[PDB]
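Form deposited in one PDB entry, single chain, as structure tokens, below.
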């Protein structure tokens, strides 16, 4: 089972925090998006575009559930995984770190050329705010630790996480 599971919007720092946490803990990082691509032989973009979000979510839930059983390192979940009830259920009992980010900073961090089916222009900020509004209670419901990634540089967020993982 993972030492920690990271959840949060695109742009919250899952990749960067997950790599730095994994290194600090002496374990590997598993990103469920990557796992999906590996198990399907398909890009995430392709799954959304051809088969649709609903089929993606069932796929994702399967992979997340497997990863929670089988991965012993740091697990990073795709931003929308917590929209699946079965994901939220499977997270019960785990250490779950919610990376919280303002809409302004999250938007800024997602404005590159990564393909993001649910966060494309135009009006990407409106889309980001709508994802944040919808998913915030869901992140909160599953989280065991909540961490602000706003401004705070990554090194310091990781330090804060390790500290909170360790003490009562």
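Positions refer to the first chain, counted from 1.
In what follows, reference is made to the form deposited with a small molecule bound, a form of this protein that is not presented.
- The shortest heavy atom separation between residue 23 and the small molecule in the deposited complex exceeds 4.5 Å.
- In the deposited complex, the small molecule sits within 4.5 Å of a heavy atom belonging to residue 16.
- Within 4.5 Å of any heavy atom of the small molecule in the deposited complex lies no heavy atom of residue 127.
- Put simply, residue 108 is close to the small molecule in the deposited complex: some heavy atom of it is within 4.5 Å.
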